[PDB]
Amino acid sequence: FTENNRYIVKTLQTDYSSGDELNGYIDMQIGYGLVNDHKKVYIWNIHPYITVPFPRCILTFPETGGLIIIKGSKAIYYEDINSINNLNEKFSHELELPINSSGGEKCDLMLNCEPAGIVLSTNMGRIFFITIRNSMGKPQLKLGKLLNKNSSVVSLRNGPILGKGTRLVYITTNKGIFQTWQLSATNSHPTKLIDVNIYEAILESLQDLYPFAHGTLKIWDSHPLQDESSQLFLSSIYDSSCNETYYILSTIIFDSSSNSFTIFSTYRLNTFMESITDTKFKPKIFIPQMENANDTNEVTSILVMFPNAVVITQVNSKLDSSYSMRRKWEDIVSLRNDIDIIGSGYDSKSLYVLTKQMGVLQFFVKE
Amino acid sequence: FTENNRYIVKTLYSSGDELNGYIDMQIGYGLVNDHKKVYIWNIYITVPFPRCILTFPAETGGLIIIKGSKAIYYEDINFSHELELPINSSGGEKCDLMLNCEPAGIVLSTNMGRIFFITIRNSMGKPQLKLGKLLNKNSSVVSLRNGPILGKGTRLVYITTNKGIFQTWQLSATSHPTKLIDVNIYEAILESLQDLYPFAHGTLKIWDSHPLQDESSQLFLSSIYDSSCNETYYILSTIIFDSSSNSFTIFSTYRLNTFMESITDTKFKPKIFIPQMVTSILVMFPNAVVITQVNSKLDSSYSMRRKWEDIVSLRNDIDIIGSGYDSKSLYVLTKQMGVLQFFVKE
Amino acid sequence: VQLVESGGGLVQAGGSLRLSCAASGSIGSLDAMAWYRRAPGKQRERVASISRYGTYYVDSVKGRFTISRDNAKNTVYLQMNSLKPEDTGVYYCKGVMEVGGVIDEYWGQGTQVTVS
Amino acid sequence: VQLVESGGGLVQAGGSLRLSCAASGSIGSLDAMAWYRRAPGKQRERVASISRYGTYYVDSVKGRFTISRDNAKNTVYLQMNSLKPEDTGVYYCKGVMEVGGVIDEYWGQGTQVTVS
Amino acid sequence: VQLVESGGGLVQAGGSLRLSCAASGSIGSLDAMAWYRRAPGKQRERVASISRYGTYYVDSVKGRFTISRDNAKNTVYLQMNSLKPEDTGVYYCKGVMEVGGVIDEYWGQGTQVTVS
Amino acid sequence: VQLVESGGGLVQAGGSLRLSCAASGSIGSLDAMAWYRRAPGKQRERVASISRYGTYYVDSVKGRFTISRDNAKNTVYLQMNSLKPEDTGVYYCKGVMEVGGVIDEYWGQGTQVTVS
Amino acid sequence: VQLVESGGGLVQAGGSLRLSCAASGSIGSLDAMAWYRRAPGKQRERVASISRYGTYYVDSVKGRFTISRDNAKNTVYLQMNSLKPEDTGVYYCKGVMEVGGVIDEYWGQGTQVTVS
Amino acid sequence: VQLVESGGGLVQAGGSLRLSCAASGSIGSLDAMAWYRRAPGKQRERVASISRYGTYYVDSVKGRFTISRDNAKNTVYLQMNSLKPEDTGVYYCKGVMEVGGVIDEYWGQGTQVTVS
């Protein structure tokens, strides 16, 4: 559709008739995408639109089934979405959450970390772990725990599965806090395997070359790498003198024995240097190759989604001494300043971006 | 005591560790308090029970103490009135700035940015403690200044916020407060600085304001920060206001040559003093006092004569807890080194 | 001290212009030089500025406008590439002098730039 | 000692890109740095260059592109505004050095730029 | 690419030193260079830094320390005037190189400075 | 052409000051700028100077004072660290211009510096 | 706005001179400055010139004459080494100013140079 | 690091010549560069030198020779005008660099210059 020697951008044909403010995303592991506004949610497998009327939603694993909806302080769970062509349709579980809806607080980020459960974060920084299976395969909606004791959570990611019902989950905050939690659906307690603050380290790595990093450095996102102990971070600094924004990818290696880390590598994007004025948008890291369990490729393609652009770069998969021996390329897909990105998704080969009026764009890195 | 050809510094008590106090030369008394008691003395009674303010007598009399959301007034400090304030004490909010603007009353500001006008006299000259009005509808008030007394019980008050809102209010004990001036000067100062100092964008902050000899002109103290070179610049902006059109013009802009360090102590607030109110302006910083001179009349001979800018450097030990002033000098209250007095010979 | 500008007019969308301003004055080298613009209805915004402490561009002209100055000479240039209709307005030049802490600003009288 | 370029990709007509090539290695400060391109079917042509003699632009990109170089560094930037479908092609960076009369060229691998 | 530091030792309170670090390697001019110190018991802090984007000093050494560097060679001098006992510590030099967005750090191995 | 000085005042022994003289006029960049002082009783001596031919310090202030000049501007700074009662006196600034061989001096009116 | 020239006189074959001219008046930095000469009988020819673009020398004086300029000052120098009798003539200084497109010339009255 | 000088050969009395030498290698900008000569029978003497402090000529060649260095480049030129038979000899180029206090000399192998 639109291709060069490195990647392909295809428009696809999906089209949702709503409206005038949309949210949504697309989960390729479950195999379904959903898009919702203030009145209804539309679900559809990525292989017409099944509707649930009534707000932030998430699909669960079951063949088809599973929808969680958070509205205010109320969470409602339908274990089988496949058992609905009804209008109401009330075979749901409910849970009142300790969310202060009157104080302007709303749910912001949420992750599906099955078989453990669901992790939610709020605009005020609180973090909830919620269980959907209750120690007997039964479907429930119980509060697991709180993981919080002008800062906010900016990323929630899945770690490896440590056993039956147990999984690691990574949490990153805008002020530089990084945590690796072990959560489980089973009768057990949450436990922090990693709890560090990487803010000062990235700051020290940038301060000599970019003094204006002090007072402007902010973390936007993080993403795990092929090694369980390594994480990628997306930060930004701002030079108010020249009115310039710099974006930084930092590869950090963690050590669960000593609860410590070391900055492995630091890269400043050459192709995108614009500030994020729309405070509702959060730039995101995508490593599609991370989805294939048997990934045997020397190069790792990372994509960064910005409100009107997708930056594509390559690094070495193995964080060794040959890492910087070969200089890599950095390309960009410049979208029209019109497109309103409302969500994203990804599989092992490509990235999917949901616009409000241009459909679902697919970025496929040929490698 | 310590003098050169331009000014004099005279040195002129018991400990406890947070301290709060000031010195009012118009009333003629100084005040200092901790968490337990307050000491008052004309320029040494003790009152136990927190932010205090001396009121005018009706020779000696009067003291207001604010603790949490409760204010208590003694018409004579040697039988009190009480008032519950809409201050959210559980939400970590405290009273921060307070001004005696008699005969109108008392004006308070909070850490959260709310402003209270409170009356102490109630239509008969009778001592009261009633709420007059709210004047508020990461910003905070940085200066509360008295203006002219415009009649029986009425007085002008100037309010300056951190972000640049400047307001001239006409308050009175007898009414309905009316804003005579309400402008935002932040963008104007920023425009005056952005070409020469591009790093002003994102760092410009207003610290204080002071009236000038003209009712329509004010002096503003601001700071900008250069993160590249870790430098802090301080800016005196002379601004002339027009009450008819609620407008203003930047008359002049001066960057201090002699003081350029940041204020890491987030509890300190630098202060302008113009004790004649040539015009000698002093600026009190945590560990220094900058003395500069300008022309009184804001005319065309304003910048015809270049003026000197000197500094009095104190030890980095001195903990300034408050200040005051009369018509010839400025008084600075330290915690352990007494009450320093700066007298500009002119 | 007087600022005098040159080089305005009417240009098609996608065209380019070059503005210049020269300060003939008794003083020395200006500390900063800048280009502001005022569109019809909108309020005057700085467009570009250059000084020892930095060179600034507004986002809306970033990459298309280039401000240059002739070292110590009191002439500043604004190269406007890929002009768009939203660039239409009256462009003013500003010079800023700082001596011993005293900061003075001087303005040109304006130049019309219309983009079709 | 390689030359590697960045900033290529996909844009729609009327958009903008910023190519950059910062390649360096053992070599000292290059005397000249340039951007060439090869359109599908056409022959390789110089787009822009910069040296101690000044910045050169081919006329087709004049008024739209800006070549710049961080002083003394072996890094060059090509800002392409208001792009046309005719700007599509493979863009190469070129560095040239003269020492003792000996003149050496250095080429990058190139980067694709596709305009819609 | 190593960094060799010189100028340490013992000095009386109120004295002065001049630290220097000049070592280089194959690659050209470093983009930034800085002095850090680790006092006995305290944590390692940046003391001064110099780069295209500015020259930073720590408030505790401001006015007494001067970081300088010639553009031609990768050498940094730290003139330390009016020394205090609080200045005693191990001083390290740090170079930072930036090539195409790749940012690399390099550290000297330290130099002891004792003040009486 | 006038010269006015700032930074003087009152300090205790071991403290710091930073004198600045930044005055200018219709003349160009001064060829040399210097700080002199007259102590109570003694004669006027040169404390520091800076010119294209070098930066001179008197031996009494070496390692404690630092003279600096803001590039081409007619603005000079004298950072005085670790002050003693011997540094008390009236400090003057001196500018020196050379045009076509004609050498002209310019003096400030002086600023008092007192140390305790 | 006047130009005065010095350095002339009489020299033997193989000697050297250094002509100089400094412009005085209410005017900024000249855009270009040049030296011309008129030999007995011949017509006025341009000997040397310096501007933004560099230095021009006529072939007959190339290698022996060096034109120099104090970048910001309105002072131009002409070092004349290894003089020949054919260099005898009246040497004029010329200054060229360009402001807002207006181009103005200024001449000195001339200085006699004789070579034996 | 090697030094090869060009420009030597034959010339008649009263003729001119230009020696040139460009350092090739990894080293940074040399701290000083000079031309020396060894006449037949006499000892090797420095004829010209250049460094940050300035340019030095020997009186034997002052007013007849001119040493110059390409701005921030390890390249020297020696323009020799008004030659004499006494100027015949082997001219060597010399580059001296000071790194961390260590002083290093580098000599070219020399070029013959003959004057008739």
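Laboratory data are not the source of any read-out in this text; all were calculated from the coordinates shown. All Cβ positions, even for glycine, are placed from backbone atoms using ideal geometry, and neighbour counts span all protein chains on display.
Before moving on, here are some points about what is shown:
- Qualifying residue in segment B:233-242 (condition: more than 12 Å from every other protein chain (Cβ to nearest Cβ) and either touching a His at 6+ places or on another chain (Cβ under 8 Å) or not hydrophobic (A, V, I, L, M, F, W, C) (or both)): yes
- Residue satisfying condition, being surrounded by 15 or more Cβ atoms within 10 Å (Cβ to Cβ), within 14 Å of another protein chain (Cβ to nearest Cβ), of a type in the set (A, V, I, L, M) and assigned to a loop (DSSP other than H, G, I, E, B), within set A:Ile332, A:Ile339: A:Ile339
- Test: residue in segment F:16-26 that is polar (S, T, N, Q), touching a helix residue (DSSP H, G or I) at 6+ places or on another chain (Cβ under 9 Å) and more than 28 Å from C:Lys73 (Cβ to Cβ): no
- The residue of segment B:205-242 that is surrounded by the fewest Cβ atoms within 10 Å (Cβ to Cβ), among those that are touching a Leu at 6+ places or on another chain (Cβ under 8 Å) and under 28 Å from E:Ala34 (Cα atoms), is B:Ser223.
- In segment F:6-25, the qualifying residues are those that are among the polar types (S, T, N, Q) and more than 17 Å from C:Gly100 (Cβ to Cβ), and the one that is surrounded by the fewest Cβ atoms within 10 Å (Cβ to Cβ) is F:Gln12.
- Qualifying residue in segment A:287-295 (condition: outside any strand (DSSP E or B) and in contact with a helix residue (DSSP H, G or I) (Cβ under 9 Å, 6 or more places away or on another chain)): yes
- Filter result (over 17 Å from F:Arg18 (Cβ atoms), within 14 Å of another protein chain (Cβ to nearest Cβ) and not charged (D, E, K, R)) within segment F:40-69: F:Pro40, F:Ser51, F:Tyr53, F:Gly54, F:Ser60
- Residues being touching a helix residue (DSSP H, G or I) at 6+ places or on another chain (Cβ under 7 Å) and basic (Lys, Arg) - total across segment A:80-128: 0
- With respect to (1) within 30 Å of D:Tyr77 (Cβ to Cβ); (2) at the interface with another protein chain (Cβ under 7 Å from one of its Cβ atoms); (3) in a strand (DSSP E or B), the lone exception for E:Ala72 is condition (3).
- Of residues in segment B:166-179 being closer than 15 Å to B:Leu150 by Cα and outside any loop (DSSP other than H, G, I, E, B), the one farthest from the other protein chains (Cβ to nearest Cβ): B:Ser172
- Strands (runs of 3 or more DSSP E) contained entirely in segment B:4-105, each with at least 3 residues that are in contact with a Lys or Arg (Cβ under 9 Å, 6 or more places away or on another chain) and either within 14 Å of chain F (Cβ to nearest Cβ) or closer than 30 Å to F:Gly89 by Cα (or both): none
- When segment G:9-31 is limited to residues that are under 11 Å from the mean Cα position of the chain (by Cα) and of a type in the set (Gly, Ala, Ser), the one that is farthest from the other protein chains (Cβ to nearest Cβ) turns out to be G:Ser20.
- Number of positions in segment A:345-366 that are crowded, with 18+ Cβ neighbours inside 10 Å and among the small types (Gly, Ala, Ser): 2
- When residues of segment A:180-204 are limited to those that are part of a strand (DSSP E or B) and surrounded by 17 or more Cβ atoms within 10 Å (Cβ to Cβ), the one nearest to the other protein chains (Cβ to nearest Cβ): A:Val196
- Only one of A:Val304, A:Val360, A:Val315 that is within 14 Å of chain D (Cβ to nearest Cβ) and in contact with a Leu (Cβ under 7 Å, 6 or more places away or on another chain): A:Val304
- Members of segment F:79-95 found to be touching a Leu at 6+ places or on another chain (Cβ under 6 Å) and within 11 Å of chain E (Cβ to nearest Cβ), listed by number: F:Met80
- When A:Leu147, A:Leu95 are screened for being over 23 Å from A:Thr172 (Cβ atoms) and in contact with a strand residue (DSSP E or B) (Cβ under 7 Å, 6 or more places away or on another chain), only A:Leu95 passes.
- Of the strands (runs of 3 or more DSSP E) entirely within segment B:111-155, those holding at least 2 residues that are exposed (fewer than 14 other Cβ atoms within 10 Å of the Cβ) occupy B:127-134.
- Single residue of G:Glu98, G:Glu86, G:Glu105 found to be in a helix (DSSP H, G or I) and either among the β-branched types (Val, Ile, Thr) or surrounded by fewer than 17 Cβ atoms within 10 Å (Cβ to Cβ) (or both): G:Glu86
- Criterion violated by H:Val47 - all others in (1) in a strand (DSSP E or B); (2) farther than 24 Å from G:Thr66 by Cα; (3) not basic (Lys, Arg) satisfied: (2)
- Residues of segment E:96-115 that are more than 14 Å from chain F (Cβ to nearest Cβ) and more than 30 Å from A:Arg327 (Cβ to Cβ): E:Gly110, E:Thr111, E:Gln112, E:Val113, E:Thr114.
- Output for segment A:77-99, where each listed residue is surrounded by 14 or more Cβ atoms within 10 Å (Cβ to Cβ) and under 24 Å from A:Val154 (Cα atoms): A:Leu97, A:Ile99
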